[PDB]
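Enquirer: Just passing along the structure, written as structure tokens.
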Amino acid sequence: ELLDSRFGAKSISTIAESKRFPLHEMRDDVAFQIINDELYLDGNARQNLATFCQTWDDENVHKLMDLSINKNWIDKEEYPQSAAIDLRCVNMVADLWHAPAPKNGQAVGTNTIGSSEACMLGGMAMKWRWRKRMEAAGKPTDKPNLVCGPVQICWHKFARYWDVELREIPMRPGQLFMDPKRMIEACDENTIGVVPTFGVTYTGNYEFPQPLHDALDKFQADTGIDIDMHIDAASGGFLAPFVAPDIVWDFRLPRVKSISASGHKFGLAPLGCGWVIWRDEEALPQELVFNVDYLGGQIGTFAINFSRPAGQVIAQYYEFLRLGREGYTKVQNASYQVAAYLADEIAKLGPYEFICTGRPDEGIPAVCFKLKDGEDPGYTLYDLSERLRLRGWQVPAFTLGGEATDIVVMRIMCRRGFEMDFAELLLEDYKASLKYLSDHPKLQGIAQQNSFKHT
Amino acid sequence: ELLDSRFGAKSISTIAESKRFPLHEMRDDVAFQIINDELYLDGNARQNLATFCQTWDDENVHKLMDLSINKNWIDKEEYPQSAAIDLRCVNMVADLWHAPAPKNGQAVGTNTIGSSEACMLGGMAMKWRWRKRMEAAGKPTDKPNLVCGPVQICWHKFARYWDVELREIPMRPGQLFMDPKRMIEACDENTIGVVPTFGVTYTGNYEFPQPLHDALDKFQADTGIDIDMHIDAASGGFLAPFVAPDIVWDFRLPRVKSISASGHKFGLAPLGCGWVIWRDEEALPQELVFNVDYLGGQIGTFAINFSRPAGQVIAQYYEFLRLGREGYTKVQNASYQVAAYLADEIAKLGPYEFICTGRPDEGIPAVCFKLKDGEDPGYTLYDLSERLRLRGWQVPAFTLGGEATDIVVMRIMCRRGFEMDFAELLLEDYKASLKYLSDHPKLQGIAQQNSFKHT
Amino acid sequence: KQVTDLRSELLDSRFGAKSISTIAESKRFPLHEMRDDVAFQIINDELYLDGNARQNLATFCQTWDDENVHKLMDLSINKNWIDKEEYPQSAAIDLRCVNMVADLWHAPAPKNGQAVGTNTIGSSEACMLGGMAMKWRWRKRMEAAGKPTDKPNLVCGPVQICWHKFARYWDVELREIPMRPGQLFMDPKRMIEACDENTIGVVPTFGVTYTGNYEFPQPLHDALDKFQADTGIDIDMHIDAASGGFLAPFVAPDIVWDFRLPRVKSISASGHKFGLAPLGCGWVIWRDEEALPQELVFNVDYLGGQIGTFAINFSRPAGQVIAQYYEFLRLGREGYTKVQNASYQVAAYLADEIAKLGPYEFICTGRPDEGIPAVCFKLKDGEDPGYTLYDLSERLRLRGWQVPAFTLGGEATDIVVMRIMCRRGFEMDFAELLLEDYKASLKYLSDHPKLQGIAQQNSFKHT
Amino acid sequence: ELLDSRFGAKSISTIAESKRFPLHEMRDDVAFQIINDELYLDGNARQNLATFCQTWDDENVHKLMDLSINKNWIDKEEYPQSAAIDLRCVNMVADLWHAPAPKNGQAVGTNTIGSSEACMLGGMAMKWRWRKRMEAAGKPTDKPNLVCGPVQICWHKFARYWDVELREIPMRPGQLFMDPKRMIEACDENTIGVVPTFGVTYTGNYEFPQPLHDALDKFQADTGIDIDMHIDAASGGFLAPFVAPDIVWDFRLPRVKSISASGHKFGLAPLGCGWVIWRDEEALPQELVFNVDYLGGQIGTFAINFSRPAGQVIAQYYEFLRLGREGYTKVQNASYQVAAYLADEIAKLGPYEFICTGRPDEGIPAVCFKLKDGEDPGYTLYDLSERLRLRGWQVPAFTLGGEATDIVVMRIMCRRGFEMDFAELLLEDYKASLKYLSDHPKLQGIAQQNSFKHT
Ligand SMILES: Cc1ncc(COP(=O)(O)O)c(CN)c1O
Ligand SMILES: Cc1ncc(COP(=O)(O)O)c(CN)c1O
Ligand SMILES: Cc1ncc(COP(=O)(O)O)c(CN)c1O
Ligand SMILES: Cc1ncc(COP(=O)(O)O)c(CN)c1O
Ligand SMILES: [Xe]
Ligand SMILES: [Xe]
Ligand SMILES: [Xe]
Ligand SMILES: [Xe]
């Protein structure tokens with residue numbers, strides 16, 4: 001007769017008969033506690049330096065989210081003020097990225113669940129534009145390809161799910177990104193677009209759309225093939241407009257037909273928010289828009305999702321209102337300041353070569369380094385990653401894709417709430433780890449599992 | 001210069017600085033109040049009988065959601081307990097639908113944001129299975145079609161986005177649903193699958209998979225053509241297993257390779273929860289599964305979205321645990337009792353012809369009706385709907401699709417929280433409106449806009 | 001052949017248990033206990049059918065929420081206003097409010113440091129108290145003069161219902177100066193005509209419920225002076241300043257309406273209107289000890305000696321007084337002036353904007369020197385824009401708004417007006433959105449001419 | 001230069017600018033803290049045994065009241081559900097007190113802010129009924145009187161405010177309440193009615209209506225004069241129906257035309273809730289009723305107040321619903337158990353004579369006693385009351401009215417939350433005080449201020 005020390009009663013196991021739908025009722029408050037108690041086993045992510053997504057808490061965001069638990073984004077009739085708020089965000093994000101001022105006062109874009117949806121949506125519209133143009137000219141439309149650099153996994157999914165051929169320019173030592181030369185070599189009249197990554201996941205560096213844009217202009221000159229771009233700005237999109245307004249990467253570039261980003265990365269929204277914006281009505285094929293009947297007349301949607309919570313848009317709106325440009329600038333500078341500082345300090349502690357050092361004009365606030373080629377300080381980065389985990393930190397070590405499959409890097413993400421003091425403390429732990437490693441030479445070479453690298 | 005009476009300070013208009021990204025910071029607690037006050041203009045949906053989604057509030061769900069605001073469903077490393085709760089639900093749903101007990105102890109399915117993503121996933125798997133089968137028979141794969149009845153807009157989206165021809169059997173009078181005879185005429189060797197809708201959005205009725213299944217068995221006998229099904233049980237999927245276990249619609253049928261439903265409809269989860277289950281490992285082409293690397297190995301996802309909150313899954317788990325089968329039977333029975341009462345009471349109040357009378361063996365808890373042909377009681381259903389809005393209720397009137405385009409109906413949705421007393425009150429207001437329309441005959445015919453119908 | 005699995009009793013989807021109905025079982029006192037949390041949920045659930053009043057522009061009462069008012073109210077649920085013994089600190093606070101209000105209205109500085117006045121549940125109670133004391137003063141002056149006291153009358157303009165109640169309940173004849181086109185208010189000429197030696201007082205309404213205009217007490221005061229010079233009859237006033245009472249002192253301190261005028265013997269107003277207190281708070285102040293006849297004061301024994309009360313109510317919560325005190329303290333003259341100005345800004349903009357949308361004649365355009373923050377208008381005479389204000393009201397309800405249209409009293413019973421109340425929380429942005437919905441409705445009414453003339457029920461007009 | 005230690009800032013005194021309206025703004029949170037701090041000087045009433053009103057806290061009641069802060073009882077249009085609940089309460093109270101089942105389904109009554117207004121209202125209705133009768137008979141209506149026993153102050157108010165001669169039958173030793181003999185001596189054709197008090201404030205005893213009713217029946221036989229009754233059941237009204245249903249005091253007696261009670265006494269509602277119910281339509285002269293226009297028709301009010309919170313009615317409803325008869329019987333008995341106990345136990349502690357010992361068939365849960373005539377234990381009750389204050393308790397010692405002005409009583413009110421355990425502790429403190437008075441004989445005779453005795 002198994003008992004539970006919590007309830008002073010007969011034990012209900014969650015693991016026994018977690019394989020069948022449960023047969024019986026159980027008191028609501030007991031069910032709540034059992035789950036609540038399980039959840040203590042989840043991490044809080046504050047010491048997690050792998051993830052990009054918002055992990056900090058603001059009481060106001062909890063209140064907005066909690067008011068919004070039942071508020072259906074798709075139901076414009078019942079929730080007309082949430083609907084209004086969503087459209088302001090669309091306009092505000094469009095403005096931020098130099099979208100040509102919209103003819104009717106309303107920018108062409110949509111909120112999404114994350115950058116993943118936002119990319120498939122950008123992806124579909126590219127395909128359709130390329131398909132329309134090619135049928136008009138009487139040509140085969142069965143073999144579209146996409147040209148890009150070391151892209152996030154959403155692009156591999158989009159390519160697979162929509163039968164487009166992924167021409168990914170491989171990462172290679174001393175050329176880790178998509179350069180203009182290799183881009184051009186991979187393009188022809190079946191290329192639907194080119195996708196630069198404005199903040200490479202693996203390393204934190206920017207892929208600068210301008211030099212690529214110039215190559216595509218030249219390419220049109222030489223071949224007559226007119227290629228559009230879509231900027232995956234999952235993280236850059238809410239960084240560069242504030243701390244590096246000089247970098248031309250957005251709608252300021254004529255070939256850029258759409259951009260996407262994550263609200264719930266550096267836009268500071270809570271998990272469950274992305275954005276995609278098109279340059280104008282022509283960037284978005286009408287065949288893709290579905291009009292749904294409501295009382296005030298009908299509205300068009302381009303989204304994969306239908307019903308879903310409006311909480312994250314309202315929270316996004318709250319970030320936008322309370323910070324503005326002036327506010328976001330100070331926030332993102334804070335992060336860059338932390339990244340820079342970690343970068344300089346870590347350089348002093350071993351023979352490291354730095355792929356990314358958290359400068360605002362090169363990428364996102366991220367430190368990314370590898371060991372110097374053919375040097376051996378007595379540990380690998382997997383080893384050091386293991387030591388830091390014992391001190392509560394999740395600092396991922398992993399190998400790159402492509403022809404740089406030989407290279408192991410360590411990458412640190414600096415997000416909101418990882419302030420200068422927690423960086424100090426990481427550093428103390430970092431140093432203590434180097435010390436234990438050197439006191440225990442036997443540890444070398446042992447750890448060999450990659451960590452989660454994707455978001 | 002303009003002041004605000006809440007703050008006794010210079011006014012900030014959210015409607016003036018609404019077009020561009022704001023330049024200045026504002027005090028957090030003022031942004032919060034500004035937004036909080038706007039959201040009072042949203043409805044609370046408790047008198048809305050137009051929607052399927054949960055709008056009831058339970059204190060434990062709010063707590064679970066609130067703890068879960070940052071829990072990343074995709075980050076199995078940091079949130080391993082959330083990961084575990086998710087997998088449990090997958091098994092529990094599979095079990096509910098009579099999926100073959102799984103070999104390795106883990107059923108084949110995934111959580112989704114809603115039924116929209118669930119259906120595209122199932123839709124994509126149908127396409128690939130059909131493709132693989134044609135390529136083996138050395139036949140062309142360029143003209144896929146999908147056969148179905150009056151489906152929810154997500155299937156129109158699917159067919160557009162993925163280049164499949166939608167053969168929608170049209171609603172017509174005395175013939176609203178996909179019947180076996182009409183289904184068979186639309187089938188051929190390019191049909192990727194047939195999708196019954198187990199709870200038709202427009203009317204509430206079930207399309208019964210079993211007689212369709214018999215027709216497809218006969219169809220393969222006669223032509224050698226072996227057509228699969230995917231059941232869109234958006235609403236029925238959490239009703240029938242409890243209050244009509246003897247309706248054979250699920251994996252008990254060999255042709256049914258996958259099923260989807262909404263957790264946030266009758267599965268009682270909060271907004272942002274959907275499910276899709278496949279019959280077994282072979283129903284899911286591996287080319288569609290993506291393996292992400294993590295510390296404890298690697299898990300395979302099939303999902304359009306990537307990062308996204310885990311609260312909904314956790315809340316769904318709460319509902320499963322606290323109610324079980326005995327609980328859910330009680331809960332759904334309650335809604336059924338309401339709808340059946342409403343249908344009986346309303347029938348006595350006008351010259352009405354009923355398409356759906358809210359019985360558990362016919363469909364979901366919904367009453368759906370139209371005016372009897374050639375009868376004219378001095379008003380239209382649009383008219384009665386507008387009178388009802390004035391007494392706070394949202395009871396939609398709209399026209400059916402296909403050939404029944406001519407037909408106006410009123411459709412009442414009974415969800416959790418809309419209890420017998422509330423139904424009594426609506427009944428009073430309905431009578432009160434009937435009277436006011438009879439006292440003011442000039443009102444007949446004026447209102448003619450369709451209401452939100454789609455979920 | 002069955003396929004179902006049903007239970008043979010009525011169930012509730014919330015509780016997965018047997019149904020309990022509030023509606024049958026609403027007829028007799030209930031016989032059985034029920035679980036507390038279930039009782040609570042059943043009730044809380046029903047209350048979602050109440051409006052939140054944010055789009056209700058018919059009411060004067062406070063509808064905005066402020067976290068601190070909620071906490072203060074929540075601490076005070078049990079605090080009994082009448083129980084000076086147990087809640088000496090609440091008693092102190094109440095006394096401070098009375099002084100601050102007196103002070104705000106230029107009451108003569110009290111001899112003993114304590115003004116003569118009381119808190120009440122709302123203006124209704126305030127007014128009966130003012131009316132009672134007026135009646136008693138007059139009764140005594142006549143008894144002194146050995147005259148008959150059985151036929152008292154009260155002169156006033158288009159007043160709120162409470163005066164109709166007071167007049168009935170207390171056997172006083174109501175000489176209401178009737179509203180009529182182009183003279184909607186008690187004017188000096190018609191007031192004088194109604195006045196004789198049984199007039200206990202004249203009651204200017206400083207903020208008319210129906211329209212929002214001020215009846216200005218000073219011209220009336222002048223007439224009443226001239227009237228004494230001619231007849232020797234000495235008539236008192238009492239100002240029903242229900243709403244204007246917490247407006248003019250901040251935005252129009254030059255309008256002479258209060259104790260600055262010697263005939264004004266008491267003033268009443270609502271804290272839970274432009275006072276900004278939460279529902280259930282009024283005030284009445286007497287000029288001095290002599291204005292409140294001792295016969296009306298009841299003395300009750302407490303441990304610290306005895307205190308005198310002039311209240312209709314006895315036991316009652318102190319929350320609103322404390323809440324009112326919070327408002328006074330946190331705002332001051334400086335804060336009120338701002339908060340009040342904000343509301344007048346909304347009214348002025350609505351009035352200037354709405355004027356452009358149809359053929360309207362304006363009774364009140366929300367100007368600080370004319371009345372309260374209210375917009376009140378009627379259709380111009382003999383214009384037919386294609387709808388009545390009743391119809392326009394209806395289309396507005398469908399968009400969530402409650403903007404009343406109702407007929408005026410007296411001889412103007414032939415006029416339909418629309419009135420918009422602008423209170424705290426109804427800010428410029430919300431006024432922008434009303435304007436959009438108003439425009440949308442006009443467009444709907446113009447594309448759908450059959451709607452004209454159909455709607456004809458009066459909306460709630462009184463507070 | 002003066003500082004506050006709480007805010008480490010320039011001091012604000014509430015005592016300075018308690019004289020004039022304040023000039024300046026302060027920070028909201030500071031204002032709030034200042035006030036909150038002063039409130040700590042208020043008692044919490046748990047040891048106050050002088051009062052009648054509810055002083056116990058229940059979480060649900062707090063939430064309801066807090067939901068209802070803006071809910072306007074008069075505004076039937078905006079808060080239709082609060083209106084509906086109000087009306088149910090009228091019906092439940094009517095039934096409770098054996099009112100004749102109302103014709104049209106709605107009993108004639110109204111909620112009020114307390115017993116005081118409810119008494120005013122019943123009083124006016126009495127004065128009108130007599131007025132109308134007398135006019136019809138062509139007789140003087142200028143000299144109305146009221147006959148009553150030791151009434152609560154509201155009846156003295158009633159009489160002054162409405163020009164009715166109060167004929168209060170005075171208390172006298174051995175005869176403390178209105179008895180039929182003296183009642184009849186005071187009655188005539190100008191008597192608007194007799195008011196028995198069903199739970200006398202000063203003592204706790206019931207004035208029994210039935211023997212008076214017989215006296216009034218006999219009276220009408222001898223003289224032709226027909227005299228109505230109003231019961232003041234401020235406290236008795238929510239006691240006898242549960243623990244003494246046999247006492248015939250209510251609408252079972254035909255001459256009872258109206259009854260009034262406090263919700264916030266033994267009705268268990270929070271402060272600000274009273275009831276008055278009429279026997280039927282005819283009991284309530286239509287002159288007194290005012291019709292206000294709303295949209296759903298028009299409603300009749302008979303109230304002194306106009307705008308006011310609906311929180312308390314709602315709270316009252318919750319108490320009714322959750323408890324019922326069976327609950328109320330339990331709650332009320334428990335209080336009687338306490339007062340019975342105190343009465344037996346105090347009896348043993350000195351030379352006391354009891355006026356009221358907390359028996360259900362005699363009065364409310366109160367103990368009221370005086371020192372035995374010509375007996376001197378060496379203290380007065382005033383002295384005992386003061387000793388008890390020192391140890392936290394408020395136990396009032398006062399003198400009775402009329403011809404018992406020679407008499408000092410102590411009176412203990414036993415209300416909800418003053419449970420057996422607290423009585424026990426009062427007894428301990430009671431014994432210690434007597435011991436202190438015994439050891440310190442000088443203390444005797446010194447204290448002489450009457451306590452608050454009225455509610
Ligand atoms: C470049 C890029 N694009 C897409 C994504 C996916 O974003 P989300 O998880 O917000 O859907 C990420 C995060 N990995 C990314 O770095
Ligand atoms: C049959 C069906 N399938 C798909 C959906 C879409 O579900 P969701 O809102 O969860 O995306 C609905 C609800 N409209 C539906 O009725
Ligand atoms: C002039 C006037 N008098 C008194 C009142 C009554 O006040 P209350 O609702 O606060 O009791 C009102 C509106 N009710 C009013 O506007
Ligand atoms: C018998 C009697 N009648 C009337 C009242 C007045 O009650 P309230 O304070 O609820 O107005 C009381 C309160 N002492 C009472 O006991
Ligand atoms: Xe869009
Ligand atoms: Xe999967
Ligand atoms: Xe007073
Ligand atoms: Xe009433």
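The chains in the structure tokens are called A, B, ... from first to last as shown; in each chain the residues are counted from 1, and the ligands are counted from 1 in the order shown.
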Residues at most 8 Å from ligand 3, using only C-alpha atoms and all ligand atoms? Could they come as a compact mmCIF listing (two decimals) with C-alpha atoms, in the first residue's frame?

Expert:
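Saved to selection-v4.txt:
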```
# COMPACT_ATOMS: atom_id res chain seq x y z
CA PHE C 60 -21.61 59.66 -13.86
CA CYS C 61 -20.25 57.16 -11.34
CA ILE C 121 -23.92 56.91 1.01
CA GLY C 122 -24.40 59.15 -2.12
CA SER C 123 -26.05 62.43 -3.04
CA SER C 124 -29.52 61.01 -2.51
CA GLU C 125 -28.97 60.85 1.29
CA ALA C 126 -27.12 64.23 1.24
CA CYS C 127 -30.07 65.96 -0.38
CA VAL C 159 -33.77 68.32 -10.45
CA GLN C 160 -32.74 64.71 -9.97
CA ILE C 161 -35.18 62.17 -8.77
CA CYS C 162 -34.02 62.45 -5.20
CA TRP C 163 -35.81 65.76 -4.85
CA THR C 205 -28.66 72.20 -9.41
CA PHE C 206 -24.97 72.78 -10.01
CA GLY C 207 -24.71 70.26 -12.88
CA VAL C 208 -28.08 69.19 -14.33
CA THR C 209 -28.49 65.44 -14.68
CA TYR C 210 -30.29 65.64 -18.05
CA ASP C 240 -27.24 70.26 -5.18
CA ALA C 241 -23.75 70.16 -6.48
CA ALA C 242 -23.86 66.34 -7.03
CA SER C 243 -21.40 66.60 -9.89
CA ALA C 269 -22.20 66.53 -3.85
CA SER C 270 -21.15 62.97 -4.81
CA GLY C 271 -17.62 61.77 -4.04
CA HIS C 272 -18.35 58.74 -6.25
CA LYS C 273 -18.93 61.10 -9.17
CA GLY C 280 -21.12 54.67 -2.05
CA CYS C 281 -19.79 58.06 -0.98
CA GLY C 282 -21.54 61.45 -0.68
CA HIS C 462 -30.60 59.45 -14.01
CA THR C 463 -26.96 58.84 -12.96
CA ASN D 305 -30.51 55.68 -1.44
CA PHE D 306 -29.91 55.71 -5.20
CA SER D 307 -26.45 54.81 -6.53
CA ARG D 308 -24.62 52.27 -4.36
```

Enquirer: Which polymer residues have any atom within 10 Å of an atom of residue 49 (chain D), counting only C-alpha atoms, with same-chain residues fewer than 5 positions away left out, as a count of residues only?

Expert: 11

Enquirer: Do a neighbour search on residue 60 (chain A) at 9 Å with only C-alpha atoms, toss out local chain neighbours closer than 3 positions, and write the hits as an mmCIF file with N, CA and C atoms, in the first residue's frame.

Expert:
```cif
data_model
loop_
_atom_site.group_PDB
_atom_site.id
_atom_site.type_symbol
_atom_site.label_atom_id
_atom_site.label_comp_id
_atom_site.auth_asym_id
_atom_site.auth_seq_id
_atom_site.Cartn_x
_atom_site.Cartn_y
_atom_site.Cartn_z
ATOM 1 N N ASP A 57 12.047 37.598 -16.463
ATOM 2 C CA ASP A 57 10.642 37.817 -16.085
ATOM 3 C C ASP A 57 10.426 39.256 -15.643
ATOM 4 N N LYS A 63 1.292 39.624 -16.077
ATOM 5 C CA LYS A 63 -0.084 40.099 -16.005
ATOM 6 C C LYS A 63 -0.742 40.148 -17.384
ATOM 7 N N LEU A 64 -0.088 40.764 -18.370
ATOM 8 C CA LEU A 64 -0.645 40.797 -19.723
ATOM 9 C C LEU A 64 -0.877 39.404 -20.261
ATOM 10 N N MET A 65 0.091 38.524 -20.071
ATOM 11 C CA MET A 65 -0.086 37.193 -20.597
ATOM 12 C C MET A 65 -1.309 36.575 -19.935
ATOM 13 N N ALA A 315 2.030 41.455 -25.394
ATOM 14 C CA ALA A 315 3.295 41.625 -24.660
ATOM 15 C C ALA A 315 4.357 42.308 -25.539
ATOM 16 N N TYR A 318 3.674 45.893 -25.579
ATOM 17 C CA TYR A 318 4.197 46.451 -24.336
ATOM 18 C C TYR A 318 5.696 46.739 -24.352
ATOM 19 N N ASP B 28 7.335 51.901 -17.277
ATOM 20 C CA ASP B 28 6.718 50.574 -17.488
ATOM 21 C C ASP B 28 5.260 50.476 -17.019
ATOM 22 N N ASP B 29 4.975 51.006 -15.824
ATOM 23 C CA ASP B 29 3.675 50.817 -15.181
ATOM 24 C C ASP B 29 2.585 51.662 -15.868
ATOM 25 N N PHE B 32 1.833 49.712 -18.989
ATOM 26 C CA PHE B 32 0.992 48.571 -18.610
ATOM 27 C C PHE B 32 -0.476 48.992 -18.464
#
```

Enquirer: When you get a sec, could you note down which chain C residues fall within 6 Å of chain D, using only C-alpha atoms, as number ranges by chain?

Expert: C: 26-34, 36, 39, 50-51, 63, 78, 86-89, 96, 100, 103, 124, 279-280, 301-303, 313, 316-317, 330-335, 459-460

Enquirer: Distance limit 7 Å, reference ligand 8, atoms considered: only C-alpha atoms and all ligand atoms. Which residues make the cut? Give them as a ChimeraX atom specification.

Expert: /D:108-110,289,300-302

Enquirer: Rounded to one decimal place, report the CA of residue 246 (chain B)-CA of residue 19 (chain C) distance in Å.

Expert: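 Computing the Euclidean distance for CA of residue 246 (chain B) and CA of residue 19 (chain C) yields 26.2 Å.
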
Enquirer: I want to know what sits within 10 Å of residue 180 (chain B), based on only C-alpha atoms, with residues of the same chain fewer than 3 positions away left out; could you give that as an mmCIF file with N, CA and C atoms, in the first residue's frame?

Expert:
```
data_model
loop_
_atom_site.group_PDB
_atom_site.id
_atom_site.type_symbol
_atom_site.label_atom_id
_atom_site.label_comp_id
_atom_site.auth_asym_id
_atom_site.auth_seq_id
_atom_site.Cartn_x
_atom_site.Cartn_y
_atom_site.Cartn_z
ATOM 1 N N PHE B 177 -23.287 16.715 -46.759
ATOM 2 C CA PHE B 177 -22.037 16.121 -46.355
ATOM 3 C C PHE B 177 -21.476 15.172 -47.397
ATOM 4 N N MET B 183 -18.363 10.623 -52.926
ATOM 5 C CA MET B 183 -16.937 10.397 -52.604
ATOM 6 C C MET B 183 -16.243 9.517 -53.673
ATOM 7 N N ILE B 184 -16.882 8.382 -53.990
ATOM 8 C CA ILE B 184 -16.353 7.443 -54.966
ATOM 9 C C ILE B 184 -16.241 8.055 -56.361
ATOM 10 N N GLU B 185 -17.242 8.798 -56.828
ATOM 11 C CA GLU B 185 -17.054 9.463 -58.130
ATOM 12 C C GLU B 185 -15.837 10.411 -58.169
ATOM 13 N N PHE B 208 -19.430 10.361 -41.066
ATOM 14 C CA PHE B 208 -19.111 9.117 -40.422
ATOM 15 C C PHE B 208 -18.097 8.392 -41.230
ATOM 16 N N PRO B 209 -16.938 8.117 -40.631
ATOM 17 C CA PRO B 209 -15.925 7.408 -41.430
ATOM 18 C C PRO B 209 -16.294 6.014 -41.862
ATOM 19 N N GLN B 210 -17.092 5.262 -41.098
ATOM 20 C CA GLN B 210 -17.260 3.821 -41.425
ATOM 21 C C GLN B 210 -17.920 3.527 -42.804
ATOM 22 N N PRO B 211 -19.074 4.151 -43.111
ATOM 23 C CA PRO B 211 -19.639 3.895 -44.438
ATOM 24 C C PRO B 211 -18.740 4.373 -45.589
ATOM 25 N N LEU B 212 -18.009 5.475 -45.384
ATOM 26 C CA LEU B 212 -16.969 5.891 -46.352
ATOM 27 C C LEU B 212 -15.888 4.820 -46.512
ATOM 28 N N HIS B 213 -15.490 4.243 -45.372
ATOM 29 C CA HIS B 213 -14.502 3.177 -45.341
ATOM 30 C C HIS B 213 -14.955 1.939 -46.134
ATOM 31 N N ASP B 214 -16.217 1.569 -45.977
ATOM 32 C CA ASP B 214 -16.788 0.488 -46.749
ATOM 33 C C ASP B 214 -16.722 0.811 -48.211
ATOM 34 N N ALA B 215 -17.070 2.029 -48.595
ATOM 35 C CA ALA B 215 -16.995 2.362 -50.019
ATOM 36 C C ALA B 215 -15.584 2.280 -50.593
ATOM 37 N N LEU B 216 -14.598 2.767 -49.850
ATOM 38 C CA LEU B 216 -13.218 2.598 -50.283
ATOM 39 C C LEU B 216 -12.739 1.140 -50.326
#
```
